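>>> Please find the sequence and an experimentally derived structure below.
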2 protein chains.
Amino acid sequence: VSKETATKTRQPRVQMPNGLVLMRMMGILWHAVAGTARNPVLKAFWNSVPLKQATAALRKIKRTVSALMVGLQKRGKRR
Amino acid sequence: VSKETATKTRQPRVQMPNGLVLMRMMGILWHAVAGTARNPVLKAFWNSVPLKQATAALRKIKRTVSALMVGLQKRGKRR
C-alpha cells in the first residue's frame, strides 16, 4: 500500500524487510546529512548496515529510478 | 559547510547553483511522494526541468554517492 509506505517513511521502528529498509535508508540519510531527522533506533540500524549488500542496492534501485525517468519520456507524447 | 546547506534544504528562495539545486530536487521530490513537503519553488523548477539531460546528470551523481560507500569499505578495517 503506497499510502502505508508513505506513512512508514520516517517513522519510529522502521524495522521492515531488508529489501524495503535499504530503499529508505539512503533517502533518510539524504536529508539527515543536510537538513534534520536523527532517530535513535534508526541510527542503530544504520550503524549496522552491511557494506557489500549496500552497494548491491545502490547500483540496482538507482537504475530503476533512471529507467522510469526515461520510460515516462517515451509516453510523453500521446495521440 | 553542511551546517549552512542544512538550513537551506526545503527552504523558500532555494535558488542554489545548478549542481546544488539538483541535489535538493533529488531529495525533496522523493519525500513529497513518501510523505509531504511540496514547495512552489521546487514545483516550478521541476516543471521546467529537462528530461533527457536530467537522467544523465542524475546518473552522474548516483555514481559518486555509491562510490563513496565502496570507498569507505576500503577504510573500514584500520590496522
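Structure's in. What do you need? Numbers count the residues shown, from 1 in each chain, chains lettered A, B, ... in the order given.
>>> Which residues of chain A lie near chain B?
A:5-6, A:9-10, A:24, A:26-27, A:30-31, A:33-36, A:51-52, A:54-55, A:58-59, A:62, A:65-66, A:69-70, A:73, A:76 (CB under 8 Å from any CB of the partner chain). From N, CA and C alone the C-beta is placed, and that goes for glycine too.
>>> and with 6 Å instead?
Chain A comes close to chain B at residues A:6, A:9, A:27, A:30, A:34-35, A:51, A:54-55, A:58, A:62, A:66, A:69-70, A:73, as judged by CB under 6 Å from any CB of the partner chain.
>>> Pull the contacting residues for residue A:69.
Taking CB atoms under 6 Å, 6 or more residues apart in numbering or on different chains, we find residue A:69 in contact with residue B:55.
>>> what's the most distant pair in the residues of chain A next to chain B?
A:51 and A:73 (34.6 Å; CB to CB).
>>> for the longest helix that chain A contains, which positions count as buried?
Looking across chain A with DSSP state H, the single longest helix is helix A:52-74. Residues A:54, A:57-58, A:61-62, A:66 are the ones in helix A:52-74 that count as buried (16 or more other CB atoms under 10 Å in any protein chain shown).
>>> Contacts for the host helix or strand of residue A:31, please.
Under the criterion of DSSP states H and E, residue A:31 resides in helix A:25-33. Residues from elsewhere that reach helix A:25-33 (CB under 6 Å, 6+ apart): A:37, B:27, B:30.
>>> Just the CA atoms of the one helix or strand residue A:19 maps to, as PDB, please.
Assigned by DSSP H and E, residue A:19 belongs to helix A:18-21. What follows is helix A:18-21, C-alpha atoms only, in PDB (Å, rounded to 0.1, in the frame of the first residue of the first chain):
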ATOM      1  CA  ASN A  18      15.900  -5.700   4.200                       C
ATOM      2  CA  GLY A  19      14.800  -5.000   0.600                       C
ATOM      3  CA  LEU A  20      12.500  -2.300   2.000                       C
ATOM      4  CA  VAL A  21      14.600  -0.700   4.700                       C
END
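>>> quick check, nearest of the residues of chain A next to chain B to residue B:41?
Looking across the residues of chain A next to chain B and measuring by CB to CB, the closest to residue B:41 is residue A:35, at 15.9 Å.
>>> Setting aside sequence neighbours, what's the nearest residue to that closest one?
What sits nearest to residue A:35 in space, not counting adjacent residues and going by CB to CB, 6 or more residues apart in numbering or on different chains, is residue B:9, at 4.3 Å.
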